[PDB]
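Asker: sequence, then structure. It's an experimental one.
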Amino acid sequence: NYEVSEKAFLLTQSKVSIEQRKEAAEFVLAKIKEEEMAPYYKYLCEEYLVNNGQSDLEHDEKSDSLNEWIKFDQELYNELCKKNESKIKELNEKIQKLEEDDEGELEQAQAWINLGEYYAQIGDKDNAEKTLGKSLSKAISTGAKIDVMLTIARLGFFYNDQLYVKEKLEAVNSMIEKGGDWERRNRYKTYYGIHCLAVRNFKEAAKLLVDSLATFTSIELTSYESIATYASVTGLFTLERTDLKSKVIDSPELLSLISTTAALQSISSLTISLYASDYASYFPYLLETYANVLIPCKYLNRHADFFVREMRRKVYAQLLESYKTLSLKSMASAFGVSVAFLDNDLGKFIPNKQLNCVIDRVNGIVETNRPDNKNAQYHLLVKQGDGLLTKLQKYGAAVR
Amino acid sequence: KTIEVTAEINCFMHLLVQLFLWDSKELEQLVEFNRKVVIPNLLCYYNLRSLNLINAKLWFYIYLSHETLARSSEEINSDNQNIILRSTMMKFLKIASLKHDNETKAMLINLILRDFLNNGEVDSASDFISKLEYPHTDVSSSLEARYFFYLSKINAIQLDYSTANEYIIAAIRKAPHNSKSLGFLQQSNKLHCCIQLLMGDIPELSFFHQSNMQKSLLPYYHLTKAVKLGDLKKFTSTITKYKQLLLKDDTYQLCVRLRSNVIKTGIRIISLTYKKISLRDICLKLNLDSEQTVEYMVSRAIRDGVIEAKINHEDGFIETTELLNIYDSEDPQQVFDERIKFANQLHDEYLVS
Amino acid sequence: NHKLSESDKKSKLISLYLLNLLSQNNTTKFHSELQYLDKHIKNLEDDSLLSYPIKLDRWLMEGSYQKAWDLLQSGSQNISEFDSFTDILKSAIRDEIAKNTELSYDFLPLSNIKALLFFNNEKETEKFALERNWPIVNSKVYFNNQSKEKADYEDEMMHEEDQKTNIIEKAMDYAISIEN
Amino acid sequence: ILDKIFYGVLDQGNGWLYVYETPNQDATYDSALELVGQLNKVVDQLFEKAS
Amino acid sequence: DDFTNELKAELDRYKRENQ
């Protein structure tokens, strides 16, 4: 189900090539024949508008699109009824006979789950959760628990809903805690780091992603190259260079992951340039990471500017720690940028107290302000010490 | 006769609920009728169990409607009923023995302070503050936030944000009631942010985003970027469009005070870190508004406590300092007595517990 | 009410109190009288006479004393009525600038002080420096008065002298008796 | 130096060098970590007892 | 935004490579 949501997401924003939309349309047309995408197929016009979202022959009549395959017709209307009779009408009649004959226990619960998964592809979520809720009481061990969690896990990836999914996934996992192997636990662990990108948790996302394996592929839930970009980009932003040398840049799987596909451009272009402290070619890597990684990915396109703006602030901190002073002529020219471009980035960073530095105008020397023995007891002990005392006085001043 | 008067008031307070926002009777005869049912010795000699039985919480929002476009309608100078009300109000406090009076003392001052906020002079209100201060133990939690709301607003007109800081903190933490958390809290949060407007911080929207509706979020967001970036053009257009919201809250005065803070806040936003700042670099920064004001602009900002710099007219630069030092002898000892003073507010918990 | 014939009639006399009040260097009572007016956006905002001290004080709060000084000169209202409060307020403005020139100027020559504060004489410029206790050297004026002291009477408060050692030990003994 | 091998900082402007001692911190703020964790838990526990 | 950072990076590359 994720293969369609990944390819059709390129239909939303394409600023360069038109063929990217037609190439991604070939994967959509192939999957809609085997499985009915009608809930997401109708969600195409309800997601992003004023591109392809105005083209429909049924609910709303307008023609504006670069893709004519997303509009209903007489063929898809007949196929919608054929898939609805086989996956629901034909299967429910056989399950109804098993209910009266009393055949098995978990077999009827698993049959309701497989039947409930078909309502998700027809576009009716009321009967999908109704048949799933009846089979939830029959779940005891991890045999029927994986299938119940699998249906709710689809709600997050297929319907792109971060609200009612995680609340249900946590309730099912916390009811009976076993986990089976480590891969069945990834469904809760991988979606955890993915949900952190919606509410912008930053370093919290990479907690379970860095320790996760790079060979994990959920197919219909997620692809191989999609999860590879989530752990590479978020893991690089979380762990500092101290932890990058013993984990990211040197790993048995990660070194094998970068050679599989060239669509990462994170653990190779960004990591080596950061480890070698080469700022000449490091700047164009951020543009390739933004265009060819962040934009095509689903959850990596939500932040947008929040990647390059924050990553550029931290890469300067690695340079400020290795020198007391610097050269403004070398930073604003030799690294591939201009003078006005450097003052715009550092202009917003200084008043936010995100770093300690000394910028020179006439002399043109970038000097680092080093606390020496001050460290974390200088401005943090007074701010965090007295700041928490303000929260302590909240309930003590007003009582109840 | 205490029971007989109290029994009659029990039926009077039930009518006052209708007279408040519900049934206003007539806009003329009622205000004259409500006066003659109070004066004739309802407060009496302060015999026993006398409190909360007067008008008190009820009449705050009543008389303000009769004064505006009802009885007066700008046809006279002041309401004759309010003139007599000011005579009865100030007579209630004059005859008070300062014994059991706690809640009734702070409620009447709320009228004379609120009147000075719309039409009147707030300079004379500073003399009432010395009389207003008492350890009132009977003030309900609903009126404790309002008592701290007016004290913080008077200091704003007096150009002191340090004294009004301690009052506004306890104002937003009190009044759990729903009506006080919607209309009263949103009006108080805008005054709490007004203290940050005079301080120069103006923090972003985190807790205040979901606490109030979008009505108060739009003007504060535009004033946040205007004062931080130091743009008077965007700051001027904000006053014009939002003028309707600025007049009802008496916040229209931000066109002068907060406008002066647009330059003061923008000083710390831009980087002065280097020592000698040429005159041409100052004129280019802060659009063209910093070109006309260079030496005078920095001169006043130093004495006000924003930054510390030195101007040299011979070579045409300005030596600036970012206020960065290292603790050695007297530097760390400055906050030593302050951190002890910060704990003095928590030393009263021994008597409370 | 508000209605007689012209209502407030002359608007210049009302502005005389706002301009003369700033001569005492009191910024609290300046904005307090603006609240006393019944119409803020009608008579006060529209008329330039009532808005004259507001626009004058606006440049004073922004820090620009050069634009505020031009209002007392290029304005044609300084002939008869405002002539009395012109030089009196100008003397308070120059005294307010002198407080800024101490911290904001480490060293400044004599020719600039005449131009900044709008002086017509160089000898009169040095006369103002004697009352303000400004050291004068050749073609330069320094400030040794940045350090402050006295200010009425204070004991054991605001950077004391001989009690510094004791108060540090006294603050440690105050918390013991609170617990006891 | 950024790898915590050699301890020191250089000067790009004048081509000079500066002195940096090996220990960058004593043990102080480690006690503040116990204070922050206490004020983020016990304080929130007080309202659960009152309400 | 991304339009500001990408534009200033490409315009400087044309000038830097010509020096």
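Answerer: Right, received. Where do you want to start? Residues are numbered from 1 along each chain as shown, chains lettered A, B, ... in the order given.
Asker: which residue packs closest to residue A:400, ignoring adjacent ones?
Answerer: With sequence-adjacent residues excluded and distances taken as Cβ to Cβ, 6 or more residues apart in numbering or on different chains, residue A:400 is closest to residue D:50, at 5.8 Å. In this view, the C-beta of every residue, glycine as well, is placed from N, C-alpha and C.
Asker: count the neighbours of that neighbour for me.
Answerer: 9 (other Cβ atoms under 10 Å in any protein chain shown).
Asker: hang on, isn't it packed against residue A:398?
Answerer: No: with contact defined as Cβ atoms under 8 Å, residue D:50 does not reach residue A:398; the gap is 11.0 Å.
Asker: quick one, what contacts the residue nearest to the spatial centre of chain A?
Answerer: Nearest residue to the geometric centre of chain A (Cα atoms, centre = their mean): residue A:299, 3.4 Å. Under the criterion of Cβ atoms under 8 Å, 6 or more residues apart in numbering or on different chains, the neighbours of residue A:299 are A:194, A:197-198, A:230.
Asker: element containing the residue of chain C found nearest chain D, please.
Answerer: Closest approach of chain C to chain D (Cβ to the nearest Cβ) occurs at residue C:175, with a separation of 18.0 Å. Using DSSP states H and E, residue C:175 falls within helix C:164-179.
Asker: hmm, who's touching that helix?
Answerer: Residues outside helix C:164-179 that contact it (Cβ under 8 Å, 6+ apart) are B:333, B:336-337, B:340, B:347, B:350, C:156, C:160.
Asker: what's the farthest-apart pair in the contacts of residue A:299?
Answerer: A:198 and A:230 (12.7 Å; Cβ to Cβ).
Asker: which helix in chain C has the most residues?
Answerer: The residue-count maximum for a helix in chain C (DSSP state H) belongs to helix C:83-104.
Asker: report the buried residues of that one.
Answerer: Of the residues in helix C:83-104, C:85-86, C:89-90, C:93-94, C:97-98, C:100-102, C:104 count as buried by neighbour count, 16 or more other Cβ atoms under 10 Å in any protein chain shown.
Asker: and chain B, is that helix touching that?
Answerer: Yes: looking at helix C:83-104 against chain B by Cβ under 8 Å from any Cβ of the partner chain, the contacts come from C:97, C:99-101, C:103-104.
Asker: how near is the one residue in chain D that gets nearest to chain B to residue D:45?
Answerer: Nearest residue of chain D to chain B (Cβ to the nearest Cβ) works out as residue D:51 at 11.2 Å. Going from residue D:51 to residue D:45 by Cβ to Cβ, to the nearest Å gives 11 Å.
Asker: and for residue B:257?
Answerer: Distance, residue B:257 to residue D:45, using Cβ to Cβ: 43 Å.
Asker: same question, residue A:214
Answerer: 41 Å.
Asker: residue C:11 now?
Answerer: Using Cβ to Cβ, residue C:11 is found at 64 Å from residue D:45.
Asker: all strands for the chain, in order.
Answerer: All of this is about chain A. Applying DSSP state E to chain A gives strands spanning A:357-358, A:367-368.
Asker: tell me which of these sits nearest to chain C.
Answerer: Chain C lies closest to strand A:357-358 among those, at 21.1 Å (Cβ to the nearest Cβ).
Asker: wondering if that closest one reaches chain D at all.
Answerer: No: contact of strand A:357-358 with chain D (Cβ under 8 Å from any Cβ) is absent, the minimum separation being 11.2 Å.
Asker: quick one: the helices in chain C?
Answerer: Going by DSSP H, chain C shows helices at C:12-21, C:28-36, C:45-46, C:52-62, C:65-70, C:83-104, C:110-116, C:122-131, C:164-179.
Asker: got it, and chain E?
Answerer: E:2-16.
Asker: list the contacts for residue A:349?
Answerer: So residue A:349 contacts A:313, A:355 (Cβ under 8 Å, 6+ apart).
Asker: quick one: it and residue A:356, what's the gap?
Answerer: According to Cβ to Cβ, residue A:349 stands 11 Å off from residue A:356.
Asker: then residue C:27?
Answerer: Look at residue C:27 and residue A:356: by Cβ to Cβ, they are 36 Å apart.
Asker: likewise for residue C:131?
Answerer: 44 Å.
Asker: then residue C:152?
Answerer: Counting by Cβ to Cβ, the gap from residue C:152 to residue A:356 is 40 Å.
Asker: give me the nearest residue to residue 18, chain neighbours excluded.
Answerer: Went with chain A since none was named. residue A:66 (6.6 Å).
Asker: ah, I was thinking of chain D
Answerer: Per Cβ to Cβ, 6+ apart, closest to residue D:18 is residue D:9, 4.8 Å.
Asker: from memory that neighbour sits against residue A:370, does it?
Answerer: Yes: with contacts counted by Cβ under 8 Å, residue D:9 reaches residue A:370, the gap being 7.2 Å.
Asker: shared neighbours of these two, anything?
Answerer: Counting by Cβ under 8 Å, 6+ apart, the residues touching both residue D:9 and residue A:370 are residue A:324.
Asker: neighbour count: the two, which is higher?
Answerer: The neighbour count for residue D:9 versus residue A:370, taken as other Cβ under 10 Å, is higher for residue D:9 (18 against 15).
Asker: for the more buried one, give me its contacts.
Answerer: Here residue D:9 is in contact with A:322-324, A:368, A:370, D:1, D:17-18, D:20 (Cβ under 8 Å, 6+ apart).
Asker: for chain B, tell me whether stretch C:144-163 is touching it.
Answerer: No: figure legend: stretch C:144-163 not in contact with chain B (Cβ under 8 Å from any Cβ); closest approach 8.8 Å.
Asker: which residues does that stretch contact?
Answerer: C:102-103, C:132-135, C:167.
Asker: now distance to residue C:125 too, for the residues you listed, in CSV please.
Answerer: Listed next are those as CSV, based on distance: Cβ to Cβ, whole Å:
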residue, distance to residue C:125
C:102, 16
C:103, 20
C:132, 11
C:133, 15
C:134, 10
C:135, 14
C:167, 44
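Asker: buried ones among those residues?
Answerer: C:102, C:134.
Asker: just give me the closest of the contacts of stretch C:144-163 to chain A.
Answerer: Distances from those to chain A were compared by Cβ to the nearest Cβ; the smallest belongs to residue C:167, at 20.9 Å.
Asker: what distance do you get for that closest one to chain E?
Answerer: The gap separating residue C:167 from chain E is 55 Å, by Cβ to the nearest Cβ, to the nearest Å.
Asker: please save the CA atoms from stretch B:118-131 in PDB.
Answerer: C-alpha atoms of stretch B:118-131 as PDB (Å, rounded to 0.1, in the frame of the first residue of the first chain):
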ATOM      1  CA  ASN B 118     -10.700  55.000  30.300                       C
ATOM      2  CA  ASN B 119     -11.400  58.700  31.200                       C
ATOM      3  CA  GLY B 120      -9.300  60.100  34.000                       C
ATOM      4  CA  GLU B 121      -5.800  60.700  35.300                       C
ATOM      5  CA  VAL B 122      -3.800  57.800  36.600                       C
ATOM      6  CA  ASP B 123      -1.200  60.000  38.400                       C
ATOM      7  CA  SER B 124      -3.600  60.400  41.400                       C
ATOM      8  CA  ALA B 125      -4.100  56.600  41.500                       C
ATOM      9  CA  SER B 126      -0.500  56.200  42.800                       C
ATOM     10  CA  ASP B 127      -1.500  57.800  46.100                       C
ATOM     11  CA  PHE B 128      -4.300  55.300  46.500                       C
ATOM     12  CA  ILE B 129      -1.800  52.400  46.200                       C
ATOM     13  CA  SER B 130      -0.300  53.200  49.600                       C
ATOM     14  CA  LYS B 131      -3.800  52.900  51.100                       C
END
